[PDB]
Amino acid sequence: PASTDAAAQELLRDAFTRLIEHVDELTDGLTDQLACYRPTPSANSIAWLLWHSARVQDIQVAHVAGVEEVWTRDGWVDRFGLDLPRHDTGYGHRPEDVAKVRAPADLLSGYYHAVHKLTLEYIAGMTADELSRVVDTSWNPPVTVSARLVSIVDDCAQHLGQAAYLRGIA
């Protein structure tokens, strides 16, 4: 570690903080009826997008950080009590599975806030060496930590943006 790591630490902290800010916006005043709206029968809903975004960030950050997902570490999976396998992230969900993801806004927000805390703790000490470390050799180009973190922000930003679009028409 070196003092010049602070710039990339700040870029990462700011990017991840925008995601949690969107979660606060999306969940404020979010009712169950709005959270479950689907504009067409196969389309993703707000609740699914909020939950999937949090799950994806949890599993992917926990992998690069080498820690347990908060979903199981703190029993969030049991507080949600969804009719789904315990490890599900939504990556494998069919259109019908979307309707199973139903939870109060406070639980969607609380789980994402716990994932955000986990993420802040990992990125806070990020070094140049860690950013260039490869975490996935199965893809070409092999995935560095830097690329994986950018992938997480982008995927979650897209899903949270979709949820905001739906919140305006639901």
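All residue numbers are counted from 1 along the displayed sequence.
Problem - 94-102 versus 75-83 - which carries the larger mean C-alpha B factor in the record - result: Between 94-102 and 75-83, it is 94-102.
Problem - Mean C-alpha temperature factor, higher of 142-150 and 8-16 - result: Higher mean C-alpha B-factor: 142-150.
Problem - Per the PDB entry, maximal CA B factor within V67, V56, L50, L118 - result: If I rank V67, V56, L50, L118 by C-alpha B-factor, first place goes to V67.
Practice task
Return the residue from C36, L107, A114, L26 that has the highest Cα B-factor in the entry.
Solution key: Within the set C36, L107, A114, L26, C36 shows the top C-alpha B-factor.
Practice task
Could you look up the Cα B-factor of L166 in the entry and say which third of the chain it sits in: lowest, middle or highest?
Solution key: For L166, the deposited C-alpha B-factor lands in the middle third.
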